[PDB]
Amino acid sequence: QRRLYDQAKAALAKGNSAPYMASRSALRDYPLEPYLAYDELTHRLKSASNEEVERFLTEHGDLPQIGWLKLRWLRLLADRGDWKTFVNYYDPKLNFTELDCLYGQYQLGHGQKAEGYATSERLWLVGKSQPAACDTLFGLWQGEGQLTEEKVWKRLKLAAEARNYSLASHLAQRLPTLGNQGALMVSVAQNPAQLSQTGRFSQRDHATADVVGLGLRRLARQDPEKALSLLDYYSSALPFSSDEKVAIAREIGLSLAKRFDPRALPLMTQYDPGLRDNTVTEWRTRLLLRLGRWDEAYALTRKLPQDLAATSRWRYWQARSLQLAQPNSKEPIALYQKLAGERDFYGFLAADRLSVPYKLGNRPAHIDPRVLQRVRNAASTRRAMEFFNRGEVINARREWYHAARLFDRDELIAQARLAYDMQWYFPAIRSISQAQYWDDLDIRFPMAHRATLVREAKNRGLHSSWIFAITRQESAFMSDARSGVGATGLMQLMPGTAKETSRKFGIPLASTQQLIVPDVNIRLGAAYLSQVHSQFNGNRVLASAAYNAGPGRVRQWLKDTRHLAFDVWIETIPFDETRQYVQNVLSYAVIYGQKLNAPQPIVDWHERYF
């Protein structure tokens, strides 16, 4: 019928369970009933019998919030001494470090000393403060002779690496012999530039060596040139392990290569000649590309490990560095041909270099109504559906995403399809991407808000495919989206950005989250996108980067370029986050170009050189 399950929820949270227990034998086949049962038990969890709690975990263990129940209950079991029941339910894959520490205490008092020592050390060697449960465990562990000075040192190092200096200080204060070097590590980690005083860091011991290494690795981010000099001084003076040298050379090398300093190359080739560190390898090739050394880059692309050599990235650059190295050769044509015909950034680049059409290849998946039944029938789906029908979208979403953690490949797809058909564009993308079914472009590149995005595109003189693409990358059409920093809406405008474009364009001010309304957000984001578009001479490559990383950062990455090819520039963007953002947005815009019947090449003629 029309179940007023809200009475029970209104009574229970917060108050009493009288209407719930009246109704419990009425809402048998209501999908949300177990949320009521969950709260009724949770309010009285501290007096509930093991049996009743175990029964609830057996029969409703698929609920999203079951993890919070298991944590609250396992904590009580341990705090009462009921270790046999604790151990029967302790799951390490809940990733509650509080529980992991209790399990360690279990192990040390039930004859698993080797295992409890291993558990203890695993939780010791982190650079952050652990829960109170772990104090007890570190107590026992220390108590049994295990917390040696090396292990205190190793944790000091992690804590200082993590910038937890209060913890680092307390750990230096617990070193029987190395408290001098320990305070130095905290000092140097706070201000690694003191390493320039080479006479204060002269003592030939592992400890001082380790202090110096941490400092150089830190210094590398801010001032790699300075780090390199001091490395040049200290490498003949202190007894660095070869592991420590390699970790120092890595941070200095990468930080030098990110600012296009060819001093990186020799350093990178000595300390990782086998190409074992993928991040070093990619950045050596990147640097050779930025410096115009095509021969060396081609050579390098031929040695890549099989995981990098197989990416569309290094297949493209092998072909391109070759074509740039030997412009009269016919071998890049056949490498490009293998690669055009894929639907990704580098596939399109390859297509572009052969000047053949991009291959989209839209094929909706092939799911039998058999597999579709399982997922529409699933209790988790039924709950999500009933949650969605009432406005409870956070709950619906929480259901949908928790279901997917166990779903196989075929179901995930069926899941995706179901979400699509409800205008639940973001969940459908999440589902299908998790299935790794990339060829369903109907689902992965939806056309929400089509009339508004195209109107606002044409008023600002922007290609509409570009405004879809920015949108798609920014929020995947989750229209009420809010980021880890406060950017709101479809185009993820910050609140200062929105009021500053409103002013500039005489568009009406938005209440700082009236940005949630599509038609208001798209109007401001389009205007603002046109502002960065015109600020970089209509270049979408540069403007896309600006939108993600700010105009100042992009202007640093453009000096001193002269006649720098767009693909090299994209590839040598220092930040992984924005390299990918740019490649995505460009790629998406191509795809939206075909769906809007407004064809859009991966880059325009005027974008190919800056």
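Numbering starts at 1 and follows the sequence shown.
When the two stretches 570 to 578 and 38 to 46 are set side by side, the higher mean Cα temperature factor goes to 38 to 46. Mean CA B-factor, 2 to 10 versus 601 to 609: the higher value falls on 2 to 10. When the Cα B-factors of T281, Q535, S229, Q434 are read from the PDB record, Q434 comes out highest. Taking the PDB entry at face value, the top CA B factor among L267, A189, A384, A351 belongs to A384. In the deposited entry, the Cα temperature factor of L406 places it in the highest third of its chain's modelled residues. When the modelled residues of the chain are ordered by C-alpha B-factor, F96 sits in the middle third. Ranked within its chain, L77 lands in the lowest third, by CA B factor from the PDB record. Among all modelled residues in this chain, the alpha-carbon of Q415 has a temperature factor (C-alpha) in the highest third. Annotation for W400: C-alpha temperature factor in the highest third relative to the rest of the modelled chain, per the entry.
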